[PDB]
4 protein chains.
Amino acid sequence: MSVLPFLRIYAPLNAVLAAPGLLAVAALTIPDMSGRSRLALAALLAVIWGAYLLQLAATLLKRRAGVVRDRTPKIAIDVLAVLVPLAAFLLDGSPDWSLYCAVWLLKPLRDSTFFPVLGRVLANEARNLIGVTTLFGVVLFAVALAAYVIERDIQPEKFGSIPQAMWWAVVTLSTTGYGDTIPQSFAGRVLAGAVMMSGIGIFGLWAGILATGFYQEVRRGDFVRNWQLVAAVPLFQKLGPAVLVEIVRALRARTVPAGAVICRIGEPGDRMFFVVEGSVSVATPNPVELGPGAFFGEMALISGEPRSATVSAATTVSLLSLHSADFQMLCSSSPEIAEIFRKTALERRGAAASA
Amino acid sequence: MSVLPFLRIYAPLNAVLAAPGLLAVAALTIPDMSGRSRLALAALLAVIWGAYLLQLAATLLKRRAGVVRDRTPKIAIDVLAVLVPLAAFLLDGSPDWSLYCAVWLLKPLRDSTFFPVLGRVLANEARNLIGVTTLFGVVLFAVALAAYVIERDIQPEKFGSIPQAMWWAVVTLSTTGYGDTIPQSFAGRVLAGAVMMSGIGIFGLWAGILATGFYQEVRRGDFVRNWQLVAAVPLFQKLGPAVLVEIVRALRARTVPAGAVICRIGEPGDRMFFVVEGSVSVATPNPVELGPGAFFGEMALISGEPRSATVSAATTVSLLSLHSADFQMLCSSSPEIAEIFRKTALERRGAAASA
Amino acid sequence: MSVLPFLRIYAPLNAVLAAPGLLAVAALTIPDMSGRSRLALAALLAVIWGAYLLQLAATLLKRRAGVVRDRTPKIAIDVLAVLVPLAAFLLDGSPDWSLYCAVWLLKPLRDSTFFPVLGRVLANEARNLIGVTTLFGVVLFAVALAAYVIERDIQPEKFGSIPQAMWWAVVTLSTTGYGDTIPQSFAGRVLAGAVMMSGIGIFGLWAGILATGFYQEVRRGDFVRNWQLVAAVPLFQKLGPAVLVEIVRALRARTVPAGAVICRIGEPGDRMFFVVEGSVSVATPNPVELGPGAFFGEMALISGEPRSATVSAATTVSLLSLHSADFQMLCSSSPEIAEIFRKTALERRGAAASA
Amino acid sequence: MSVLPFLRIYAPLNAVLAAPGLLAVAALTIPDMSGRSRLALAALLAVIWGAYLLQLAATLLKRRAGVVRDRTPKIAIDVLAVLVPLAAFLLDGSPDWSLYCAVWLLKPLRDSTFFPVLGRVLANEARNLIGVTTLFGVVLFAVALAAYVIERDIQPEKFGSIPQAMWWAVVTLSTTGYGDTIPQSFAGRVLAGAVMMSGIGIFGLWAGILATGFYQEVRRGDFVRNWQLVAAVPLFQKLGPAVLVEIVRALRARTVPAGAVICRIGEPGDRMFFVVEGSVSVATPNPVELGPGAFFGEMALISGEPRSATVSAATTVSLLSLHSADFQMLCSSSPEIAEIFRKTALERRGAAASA
Ligand SMILES: [K+]
Ligand SMILES: [K+]
């Protein structure tokens, strides 16, 4: 709604660090044939590999570029990524040689978004993941035992043996349920339904676990981000605490590096633009070079049209889309900010014509 | 609770734009017979088609009726809808001719509610859909590999080949789980349970993704709608900012076009009526012609009965059902609005008898 | 947490109105035998039936007992319940006679909690149930078509016919997935995974639909209930609006009819008791007869023990468990309510000894 | 985010009270062999058992150690745990002897986190678990009946009998869906899809049931915990009610017993430390012995680095990580607390050098 996390066109690593798994797995099998992809996909295997050389050395001289110390072991993550597959180059042994090759699949783990999520993975607390856990025990040995008496119900040939109760259990516990045989005695059935609603329910429980994980995460990181953002702009220094709250919790947006049409003029949209730092380019009959501490988008506001203007960043700028409800509420909260509203309209008045 | 999104009786497009898919698919097959629906459903095929002619021309002269520019390409959406199935008329080739015919199924995509939902689909941000994504990778090649060692466990005939590990993987990852064979070695089993709880869990993760999508959507659009609504009524101009908040966030309702009994007199209900614009018809021993800036439903309030009255819109009116808790809280917040409460009761007093 | 919805021991209808379905279905089949339950379960069939006679007449003279008009058609619900199974007595025809018999299963629908839930079922709005709906279309004809090309992939015997694509579609769309055959061509597979994550996702979408349904429901009904409750007690008349808010939103509890030990003295618990109307019985060395407008549970509060006392209702009383955080916050909000806190402690002081 | 529920390294009971189930089930079967684990796992069976002796006597002299009376029957829980498996020692009878042995599996139920969760299990109210329940009835006899007409569709051999409708029903109701046969008549199919989306949906309904359970739980227990915590610290006695609110709802953390590096100096982190009671050890060029009523972590705050310091508890201390947003909001709310902010910075100033 208020966020604009635009990213410059980038081929992500995922293609390069993933591709090895893809071609490997491709030639990874022997569909009764000599080789094609072996030669090919092994070729792209020395290509990818060489990519892992060049990346590594990128760490050699980039071991410190002046780089932050935030995640130290990410490095080790990488180095193992390149290494374990090294000795994965080092086997002359049986075709299981080929098998080990996939170890790279850790590669996407080089870096990713899993960092903060894990941030509340340990910060989750939520022992009810444990209690639910032991409950997984509960159901598991529940149907395990009932399945014991039942599989032992009719002994004569296949039943009456522990394996059946085991497997029927395992799948039944699931939401998946896929298989060759059932109770010929209803009881095994009815209990089966029991384990359905049960094991499924508990599945849900762990769900709500992860759910609260999501929310708590998004909250914490979001509003703290709004810490970094609040102190980050001067006008926020001239505005008192309650307003600090309102914005900290209100401001939701991201930065848009240069190279993209940021908006669409006379096209429907709901959002707001603020110059955190830098300039931003504006098509106007009297073009206007933007700077920090001002705000764009009263174009659409006072003009009456959604995105009555458009802009483009020549320099990377951090954007903040203001919530216009609390804005109107400040306009009407005190006379000073009603003066702000008038003068703002006036700044679009002069901006829309004069220089 | 507070919303009354009543719609006049309308046959939606869905029957006309869907029907082609339905009859097509019907005769779409050849259950060993010459034709019945072919003749028939092809007849309704020229009927539907002609509907697509008449709609198209509706766009010709309706290309601009004075119509908004909001969604430009919706048009193109339609035109392709009618066109690709044109050349879908243009093949003389094999029965796969019949196959292409269904391309219309895009028709429901002409217009729908997907617009805003997509609005936060791009506005979602939520890279954790990406992180979860690569995680889908995680599990997938996890069970893919384990399934590799395991299917290669017993080589002699069917196992030890990549396809099995592949498919067992794919289904197992799911919540579906449907199939002909299992581990004869427990390990494949236990790992199987692992992939169950795992792949399922991640499924949940993407869930909470979409969930936050829902909420954020409903919020944004709702309260902004309450922007359009707040400034839309005069009394809101005589009421200060805090109250503006209370109502903007409180008001939830929709407009009811003419032609429906809006309420039920002396039937249990919780809601409130406000005349945004127009009149509304009221059965009274001294009938009263309603107008904007007044409010209906203190009938039920001060009278003591749920819906102690009923009304009907002769003209389309926008309705707003006030939350009576904060209402009482305004009645008791200041003396002025307690005067409002008394005089309101008095307006039902005069309204319930006099003219 | 704060709610105590204790119900007197009652055999619910569910046993009587359900039992017919249970015995019926029991003898409902013919497991190769003459009859046992037929005679028996038909006996309990005239028993249940007679219960439906006596209930009906209960409506005859109870058509109006002075009873509310809230749900008129509930009656008709019942009468049909007894009637359709009448002509279900009226057939002499084939065994499908027995089949029709189950029509009672509507009986639990006589009355239930579905009323309010349906209250936001129509009050849901949430067209995204529609948009998602057409999306169900999306996926359905998606895999339907892909399955068309694929089942027609290998024509020679079973494939290349519409039925396969149909059914494989239907189950695959699910989370269930249960069946005899798969793609022998990967493509059908990969697309299969697609429909998995897709159809499943949409399932989730409809979920969040129902979820917001839950919440909105519980909220609306809850706090409105707190309307009925707020105006329902005199002290609430001596307390200003902000406090009205705090309690309306804070108070969560239910009424406990006479006949139950309401609390446990010196047993851990978190809750609070308030006499809405009537008395409540209290074991004390100087027993104290309770009355409205007072409050119980500063026993545990000021005493220092959870449930340092226990009580029992001789007369049905409505209970309200106060949130002690905002309570302390009133104690410390103004001096008057700190006097309330002292005098309250003093009322346990005199109550704990004197008469 | 703000919570630090660190636990000293402990082998939980789960290994000892679980292990019996594990080895028992291991030798629990007879994979065609004389015995190995029997001798072994029965040996660890007398080991575990003896553990249950020693625990029991731990209750004998620990029947009261001065121990709380909170959960009385937990004891009985244990004693049965040891007893029923006693007579489970007492059978000389058939191999089902072995079967009974697993009764211990109740052991994890000795104590666990299920206590509060059950706390809102009874405190849930939420009759919609009942309404949904009867709905489970709804669907169940729905597909049960439709399956009746359908299985009786083609009578000649296997169909037309009640069992099929029964089982097809049961699984179909699920999300699992696993089986040998389908409708050869579409109708059974289409209805099948119906039961899919239906039974699944209701599954969701019960979900949202448990969900609200989660939330309500976490809330109640959390903020009440913040009751115990608020009154628990003196500074909270010098701070007025609104601030009491802010902290009660803000403070989220746990206690970290001695023996762990509590923080990481110059490593990225977001949290805060407060000395509830005791001291805490601090590496400083001028080491500082911590005491209650002070706060740690303005190191990171005013210093400019996340965790610009680290600490270790020599004595178990209760930790509270303050939310720095509302903190800044107090710093800027009144001059007194801005003096608090300055002097705090000064306490890191003196602490970072002087003694
Ligand atoms: K399944
Ligand atoms: K299955």
# chains A, B, ... in the order shown; residues from 1 in each chain; ligands from 1

call {"tool": "interface_residues", "arguments": {"of": "chain C", "to": "chain B", "cutoff": "6 Å", "atoms": "only C-alpha atoms", "output": "list in words"}}
result
residues 123, 131, 162, 175, 176, 177, 178, 179, 208 and 241 of chain C

call {"tool": "write_last_selection", "arguments": {"atoms": "N, CA, C and O atoms", "output": "PDB file, in the first residue's frame"}}
result
ATOM      1  N   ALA C 123     -23.167 -10.969   6.291  1.00  0.00           N
ATOM      2  CA  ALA C 123     -22.519  -9.719   6.653  1.00  0.00           C
ATOM      3  C   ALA C 123     -21.035  -9.731   6.347  1.00  0.00           C
ATOM      4  O   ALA C 123     -20.352  -8.730   6.587  1.00  0.00           O
ATOM      5  N   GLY C 131     -13.947 -13.493  -6.185  1.00  0.00           N
ATOM      6  CA  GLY C 131     -12.739 -13.470  -6.994  1.00  0.00           C
ATOM      7  C   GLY C 131     -11.940 -14.749  -6.863  1.00  0.00           C
ATOM      8  O   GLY C 131     -11.578 -15.378  -7.862  1.00  0.00           O
ATOM      9  N   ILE C 162     -11.244 -37.605 -22.478  1.00  0.00           N
ATOM     10  CA  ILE C 162     -11.574 -36.493 -21.591  1.00  0.00           C
ATOM     11  C   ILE C 162     -11.722 -36.923 -20.138  1.00  0.00           C
ATOM     12  O   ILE C 162     -11.383 -36.145 -19.232  1.00  0.00           O
ATOM     13  N   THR C 175      -6.003 -30.845  -1.833  1.00  0.00           N
ATOM     14  CA  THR C 175      -4.899 -31.234  -0.978  1.00  0.00           C
ATOM     15  C   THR C 175      -4.884 -32.729  -0.724  1.00  0.00           C
ATOM     16  O   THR C 175      -4.085 -33.202   0.089  1.00  0.00           O
ATOM     17  N   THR C 176      -5.771 -33.469  -1.385  1.00  0.00           N
ATOM     18  CA  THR C 176      -5.993 -34.871  -1.060  1.00  0.00           C
ATOM     19  C   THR C 176      -5.180 -35.777  -1.957  1.00  0.00           C
ATOM     20  O   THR C 176      -4.287 -36.486  -1.488  1.00  0.00           O
ATOM     21  N   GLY C 177      -5.472 -35.772  -3.253  1.00  0.00           N
ATOM     22  CA  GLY C 177      -4.534 -36.453  -4.102  1.00  0.00           C
ATOM     23  C   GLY C 177      -4.516 -37.945  -3.893  1.00  0.00           C
ATOM     24  O   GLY C 177      -3.890 -38.377  -2.927  1.00  0.00           O
ATOM     25  N   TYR C 178      -5.409 -38.695  -4.506  1.00  0.00           N
ATOM     26  CA  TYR C 178      -5.469 -40.119  -4.231  1.00  0.00           C
ATOM     27  C   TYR C 178      -5.814 -40.962  -5.448  1.00  0.00           C
ATOM     28  O   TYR C 178      -6.939 -40.912  -5.905  1.00  0.00           O
ATOM     29  N   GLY C 179      -4.932 -41.837  -5.917  1.00  0.00           N
ATOM     30  CA  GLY C 179      -5.205 -42.347  -7.252  1.00  0.00           C
ATOM     31  C   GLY C 179      -4.233 -43.356  -7.817  1.00  0.00           C
ATOM     32  O   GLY C 179      -3.173 -43.635  -7.245  1.00  0.00           O
ATOM     33  N   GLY C 208      -8.338 -17.467   4.756  1.00  0.00           N
ATOM     34  CA  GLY C 208      -8.291 -16.130   5.321  1.00  0.00           C
ATOM     35  C   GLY C 208      -9.620 -15.418   5.211  1.00  0.00           C
ATOM     36  O   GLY C 208      -9.985 -14.622   6.087  1.00  0.00           O
ATOM     37  N   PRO C 241     -17.257   8.381  30.673  1.00  0.00           N
ATOM     38  CA  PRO C 241     -17.183   7.654  29.390  1.00  0.00           C
ATOM     39  C   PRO C 241     -15.908   6.861  29.172  1.00  0.00           C
ATOM     40  O   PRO C 241     -15.980   5.693  28.779  1.00  0.00           O
TER      41      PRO C 241
END

call {"tool": "residues_around", "arguments": {"residues": "residue 53 in chain D", "least_positions_apart": "6", "cutoff": "10 Å", "atoms": "only C-alpha atoms", "output": "number ranges by chain"}}
result
D: 47, 59, 79, 82

call {"tool": "closest_residue", "arguments": {"among": "C:194, C:200, C:275, C:172", "to": "ligand 2", "atoms": "only C-alpha atoms and all ligand atoms"}}
result
C:172

call {"tool": "closest_residue", "arguments": {"among": "D:319, D:32, D:196, D:243", "to": "ligand 1", "atoms": "only C-alpha atoms and all ligand atoms"}}
result
D:196

call {"tool": "closest_residue", "arguments": {"among": "C:256, C:265, C:45, C:322", "to": "residue 307 in chain C", "atoms": "only C-alpha atoms"}}
result
C:265

call {"tool": "select_by_dssp", "arguments": {"residues": "range 101-347 of chain A", "states": "strand (DSSP E)", "output": "number ranges by chain"}}
result
A: 255-256, 273-274, 281-282, 295-296, 311-312, 317-318

call {"tool": "write_last_selection", "arguments": {"atoms": "C-alpha atoms", "output": "PDB file, in the first residue's frame"}}
result
ATOM      1  CA  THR A 255      14.193   3.332  -1.537  1.00  0.00           C
ATOM      2  CA  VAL A 256      14.155   3.362  -5.327  1.00  0.00           C
ATOM      3  CA  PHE A 273       6.880  10.539  -2.143  1.00  0.00           C
ATOM      4  CA  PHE A 274       9.427  12.188   0.158  1.00  0.00           C
ATOM      5  CA  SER A 281      13.864  14.336 -11.484  1.00  0.00           C
ATOM      6  CA  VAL A 282      10.509  15.853 -12.353  1.00  0.00           C
ATOM      7  CA  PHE A 295       7.881  16.310  -0.092  1.00  0.00           C
ATOM      8  CA  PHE A 296       6.319  15.325  -3.411  1.00  0.00           C
ATOM      9  CA  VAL A 311       9.074  11.662 -11.119  1.00  0.00           C
ATOM     10  CA  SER A 312      12.296   9.756 -11.659  1.00  0.00           C
ATOM     11  CA  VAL A 317      16.770   8.243  -2.909  1.00  0.00           C
ATOM     12  CA  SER A 318      15.001   6.735   0.086  1.00  0.00           C
TER      13      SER A 318
END

call {"tool": "closest_residue", "arguments": {"among": "A:181, A:20, A:66, A:190", "to": "ligand 2", "atoms": "only C-alpha atoms and all ligand atoms"}}
result
A:181

call {"tool": "decode", "arguments": {"residues": "range 7-36 of chain D", "atoms": "N, CA, C and O atoms", "output": "PDB file, in the first residue's frame"}}
result
ATOM      1  N   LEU D   7      18.083 -20.911  28.704  1.00  0.00           N
ATOM      2  CA  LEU D   7      17.996 -21.971  29.700  1.00  0.00           C
ATOM      3  C   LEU D   7      19.367 -22.604  29.867  1.00  0.00           C
ATOM      4  O   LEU D   7      20.061 -22.872  28.884  1.00  0.00           O
ATOM      5  N   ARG D   8      19.754 -22.845  31.119  1.00  0.00           N
ATOM      6  CA  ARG D   8      20.999 -23.556  31.358  1.00  0.00           C
ATOM      7  C   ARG D   8      20.954 -24.916  30.684  1.00  0.00           C
ATOM      8  O   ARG D   8      19.890 -25.518  30.521  1.00  0.00           O
ATOM      9  N   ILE D   9      22.129 -25.391  30.268  1.00  0.00           N
ATOM     10  CA  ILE D   9      22.189 -26.687  29.619  1.00  0.00           C
ATOM     11  C   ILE D   9      21.607 -27.729  30.561  1.00  0.00           C
ATOM     12  O   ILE D   9      22.091 -27.925  31.685  1.00  0.00           O
ATOM     13  N   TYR D  10      20.566 -28.409  30.099  1.00  0.00           N
ATOM     14  CA  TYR D  10      19.866 -29.411  30.880  1.00  0.00           C
ATOM     15  C   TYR D  10      19.454 -30.534  29.943  1.00  0.00           C
ATOM     16  O   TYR D  10      18.882 -30.302  28.874  1.00  0.00           O
ATOM     17  N   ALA D  11      19.745 -31.764  30.352  1.00  0.00           N
ATOM     18  CA  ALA D  11      19.108 -32.914  29.736  1.00  0.00           C
ATOM     19  C   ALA D  11      17.683 -32.955  30.265  1.00  0.00           C
ATOM     20  O   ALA D  11      17.492 -33.150  31.475  1.00  0.00           O
ATOM     21  N   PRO D  12      16.673 -32.742  29.436  1.00  0.00           N
ATOM     22  CA  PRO D  12      15.298 -32.795  29.931  1.00  0.00           C
ATOM     23  C   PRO D  12      14.891 -34.229  30.221  1.00  0.00           C
ATOM     24  O   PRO D  12      15.511 -35.189  29.758  1.00  0.00           O
ATOM     25  N   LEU D  13      13.831 -34.362  31.017  1.00  0.00           N
ATOM     26  CA  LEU D  13      13.259 -35.679  31.253  1.00  0.00           C
ATOM     27  C   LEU D  13      12.988 -36.420  29.958  1.00  0.00           C
ATOM     28  O   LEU D  13      13.192 -37.635  29.904  1.00  0.00           O
ATOM     29  N   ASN D  14      12.621 -35.694  28.899  1.00  0.00           N
ATOM     30  CA  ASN D  14      12.079 -36.306  27.692  1.00  0.00           C
ATOM     31  C   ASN D  14      12.903 -37.504  27.258  1.00  0.00           C
ATOM     32  O   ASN D  14      12.364 -38.466  26.702  1.00  0.00           O
ATOM     33  N   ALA D  15      14.211 -37.460  27.477  1.00  0.00           N
ATOM     34  CA  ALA D  15      15.035 -38.594  27.083  1.00  0.00           C
ATOM     35  C   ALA D  15      14.771 -39.793  27.979  1.00  0.00           C
ATOM     36  O   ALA D  15      14.719 -40.930  27.506  1.00  0.00           O
ATOM     37  N   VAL D  16      14.615 -39.553  29.280  1.00  0.00           N
ATOM     38  CA  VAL D  16      14.434 -40.654  30.220  1.00  0.00           C
ATOM     39  C   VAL D  16      12.997 -41.153  30.193  1.00  0.00           C
ATOM     40  O   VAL D  16      12.742 -42.362  30.175  1.00  0.00           O
ATOM     41  N   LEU D  17      12.036 -40.235  30.205  1.00  0.00           N
ATOM     42  CA  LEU D  17      10.642 -40.644  30.232  1.00  0.00           C
ATOM     43  C   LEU D  17      10.156 -41.062  28.856  1.00  0.00           C
ATOM     44  O   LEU D  17       9.184 -41.819  28.746  1.00  0.00           O
ATOM     45  N   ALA D  18      10.807 -40.579  27.804  1.00  0.00           N
ATOM     46  CA  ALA D  18      10.544 -41.044  26.453  1.00  0.00           C
ATOM     47  C   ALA D  18      11.254 -42.347  26.135  1.00  0.00           C
ATOM     48  O   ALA D  18      10.638 -43.243  25.549  1.00  0.00           O
ATOM     49  N   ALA D  19      12.521 -42.472  26.527  1.00  0.00           N
ATOM     50  CA  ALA D  19      13.313 -43.646  26.163  1.00  0.00           C
ATOM     51  C   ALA D  19      12.553 -44.943  26.354  1.00  0.00           C
ATOM     52  O   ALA D  19      12.633 -45.818  25.472  1.00  0.00           O
ATOM     53  N   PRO D  20      11.803 -45.147  27.436  1.00  0.00           N
ATOM     54  CA  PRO D  20      11.074 -46.414  27.563  1.00  0.00           C
ATOM     55  C   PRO D  20      10.196 -46.700  26.365  1.00  0.00           C
ATOM     56  O   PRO D  20      10.250 -47.810  25.821  1.00  0.00           O
ATOM     57  N   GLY D  21       9.412 -45.722  25.911  1.00  0.00           N
ATOM     58  CA  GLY D  21       8.623 -45.937  24.714  1.00  0.00           C
ATOM     59  C   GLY D  21       9.491 -46.316  23.534  1.00  0.00           C
ATOM     60  O   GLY D  21       9.128 -47.185  22.734  1.00  0.00           O
ATOM     61  N   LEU D  22      10.666 -45.699  23.428  1.00  0.00           N
ATOM     62  CA  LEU D  22      11.498 -45.934  22.259  1.00  0.00           C
ATOM     63  C   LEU D  22      12.052 -47.353  22.247  1.00  0.00           C
ATOM     64  O   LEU D  22      11.862 -48.086  21.269  1.00  0.00           O
ATOM     65  N   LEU D  23      12.717 -47.783  23.318  1.00  0.00           N
ATOM     66  CA  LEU D  23      13.265 -49.134  23.281  1.00  0.00           C
ATOM     67  C   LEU D  23      12.152 -50.170  23.284  1.00  0.00           C
ATOM     68  O   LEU D  23      12.182 -51.118  22.491  1.00  0.00           O
ATOM     69  N   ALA D  24      11.158 -49.991  24.154  1.00  0.00           N
ATOM     70  CA  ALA D  24      10.001 -50.869  24.148  1.00  0.00           C
ATOM     71  C   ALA D  24       9.508 -51.093  22.732  1.00  0.00           C
ATOM     72  O   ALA D  24       9.586 -52.211  22.212  1.00  0.00           O
ATOM     73  N   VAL D  25       9.029 -50.033  22.084  1.00  0.00           N
ATOM     74  CA  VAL D  25       8.605 -50.179  20.703  1.00  0.00           C
ATOM     75  C   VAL D  25       9.670 -50.862  19.860  1.00  0.00           C
ATOM     76  O   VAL D  25       9.330 -51.647  18.968  1.00  0.00           O
ATOM     77  N   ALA D  26      10.951 -50.608  20.125  1.00  0.00           N
ATOM     78  CA  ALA D  26      11.993 -51.240  19.322  1.00  0.00           C
ATOM     79  C   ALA D  26      11.876 -52.758  19.377  1.00  0.00           C
ATOM     80  O   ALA D  26      11.463 -53.394  18.400  1.00  0.00           O
ATOM     81  N   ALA D  27      12.209 -53.354  20.516  1.00  0.00           N
ATOM     82  CA  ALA D  27      11.961 -54.772  20.730  1.00  0.00           C
ATOM     83  C   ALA D  27      10.472 -55.087  20.759  1.00  0.00           C
ATOM     84  O   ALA D  27      10.098 -56.265  20.771  1.00  0.00           O
ATOM     85  N   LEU D  28       9.624 -54.056  20.745  1.00  0.00           N
ATOM     86  CA  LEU D  28       8.185 -54.251  20.755  1.00  0.00           C
ATOM     87  C   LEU D  28       7.714 -55.211  19.677  1.00  0.00           C
ATOM     88  O   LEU D  28       6.625 -55.779  19.805  1.00  0.00           O
ATOM     89  N   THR D  29       8.481 -55.404  18.622  1.00  0.00           N
ATOM     90  CA  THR D  29       8.059 -56.313  17.579  1.00  0.00           C
ATOM     91  C   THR D  29       8.943 -57.544  17.568  1.00  0.00           C
ATOM     92  O   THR D  29       9.907 -57.659  18.328  1.00  0.00           O
ATOM     93  N   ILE D  30       8.601 -58.470  16.678  1.00  0.00           N
ATOM     94  CA  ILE D  30       9.374 -59.689  16.480  1.00  0.00           C
ATOM     95  C   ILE D  30       9.694 -59.801  14.999  1.00  0.00           C
ATOM     96  O   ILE D  30       9.025 -60.537  14.264  1.00  0.00           O
ATOM     97  N   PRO D  31      10.675 -59.082  14.526  1.00  0.00           N
ATOM     98  CA  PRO D  31      11.088 -59.232  13.130  1.00  0.00           C
ATOM     99  C   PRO D  31      11.763 -60.567  12.881  1.00  0.00           C
ATOM    100  O   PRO D  31      12.904 -60.608  12.416  1.00  0.00           O
ATOM    101  N   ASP D  32      11.076 -61.663  13.186  1.00  0.00           N
ATOM    102  CA  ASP D  32      11.611 -62.995  12.932  1.00  0.00           C
ATOM    103  C   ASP D  32      13.048 -63.110  13.454  1.00  0.00           C
ATOM    104  O   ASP D  32      14.025 -63.082  12.705  1.00  0.00           O
ATOM    105  N   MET D  33      13.145 -63.220  14.774  1.00  0.00           N
ATOM    106  CA  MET D  33      14.436 -63.398  15.422  1.00  0.00           C
ATOM    107  C   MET D  33      14.178 -63.650  16.901  1.00  0.00           C
ATOM    108  O   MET D  33      13.086 -63.385  17.409  1.00  0.00           O
ATOM    109  N   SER D  34      15.201 -64.165  17.590  1.00  0.00           N
ATOM    110  CA  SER D  34      15.016 -64.680  18.944  1.00  0.00           C
ATOM    111  C   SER D  34      14.982 -63.545  19.958  1.00  0.00           C
ATOM    112  O   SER D  34      13.917 -63.234  20.502  1.00  0.00           O
ATOM    113  N   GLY D  35      16.121 -62.934  20.237  1.00  0.00           N
ATOM    114  CA  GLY D  35      16.109 -61.642  20.889  1.00  0.00           C
ATOM    115  C   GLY D  35      17.495 -61.042  20.916  1.00  0.00           C
ATOM    116  O   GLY D  35      18.505 -61.747  21.011  1.00  0.00           O
ATOM    117  N   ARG D  36      17.517 -59.716  20.844  1.00  0.00           N
ATOM    118  CA  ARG D  36      18.711 -58.911  21.041  1.00  0.00           C
ATOM    119  C   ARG D  36      18.345 -57.749  21.944  1.00  0.00           C
ATOM    120  O   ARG D  36      18.745 -57.676  23.110  1.00  0.00           O
TER     121      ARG D  36
END
